[PDB]
């Protein structure tokens, strides 16, 4: 496949695009060998975790221990592009699509697993903590979309009840969402994909208005500067603090339950799926709120070990992001040759 060497030309290749383009190359050449089953199985989880540095190292080492089975110009070109790779929060399109797909799979997995009984049990934690202006939730939750309507209304607790928690945080003050009001722009793209970014035709959604948020770059130690791998949608989420208030009431009211980690995991995971699907936030814009130690304490002291959406297999979405990256980078080379053909008509 010479295609991989034409994709590697793109000036805008990022670390995500690399992992996806390198792994797809390796899996065609040396493929189905179950000896190598491990290597890709572990890279797929490393990409998900957003541990690109580690994966890059592994990927080049694969071509170090396995050079004989792979094409030399490709192995050496990958090695060359690698030292210079960067990630930019404003533009992380392969990962934007990946996570938008991942949260479809995370919604199916919550759907197979949950009977929605925790979302009915979590009603009375909501109604307990809500501000008086927040609307008492009286309905029974029989479908995942009512748990989803319900879950998301915790945003009403914002700016008020979540503040005592919000103040303990070292991370949140390093948020960098520009205070500019930019309004809403139209979009047909789903999730955390950007409106003007290319997409598959099976993957379009009904056109709607989507909010425009600007990054504040003048922030020292700003989050998009610390974790550039994470796509910017709205910086650090503070509605996580509100779910934290609601959830803390649940842990108290249900401390004796033996299925509490499973149930709290279902709630946490549906939140992640939901914020990604609605375009509110990226995964690490939520998880990176939850995992701050002081909040980890709430779970740990109650013996709740959260999986934060880590699923068994991320393959279908890994392979679909690979096709997208491929087709965009060949289109960049397609565009490059084209304009360099039109430069010669003078």
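Residue numbers count along the first chain shown, from 1.
Asker: Please work out which of 46-54 and 278-286 has the higher mean CA B-factor as recorded in the PDB entry.
Answerer: Per the deposited B-factors, the answer is 46-54.
Asker: Do the CA atoms of 156-164 or those of 68-76 have the higher mean B-factor in the entry?
Answerer: Comparing 156-164 with 68-76, the higher average CA B-factor belongs to 68-76.
Asker: For the listed 62, 294, 318, 308, which has the peak Cα B-factor recorded in the PDB entry?
Answerer: Most elevated C-alpha B-factor of the set, per the entry: 62.
Asker: Would you mind checking which of 107, 181, 252, 121 has the top Cα temperature factor in the PDB entry?
Answerer: Of 107, 181, 252, 121, 181 has the highest C-alpha B-factor.
Asker: Taking only the Cα B-factors deposited for this chain, tell me whether residue 324 sits in the lowest, middle or highest third.
Answerer: Ranked within chain, residue 324 CA B lands in the lowest tercile.
Asker: If you rank the chain by CA B-factor, which third does residue 86 end up in: lowest, middle or highest?
Answerer: Middle third, going by the recorded CA B-factors of the chain.
Asker: Taking the chain's C-alpha temperature factors as the reference, tell me which third residue 111 falls into: lowest, middle or highest.
Answerer: It falls in the middle third of the chain.
Asker: Where does residue 271 sit by CA temperature factor within its chain: lowest, middle or highest third?
Answerer: Its C-alpha B-factor belongs to the lowest third of this chain's values.
Asker: Based on the deposited C-alpha B factors for this chain, I'd like to know if residue 262 is in the lowest, middle or highest third.
Answerer: Lowest third of the chain for residue 262's C-alpha B-factor.
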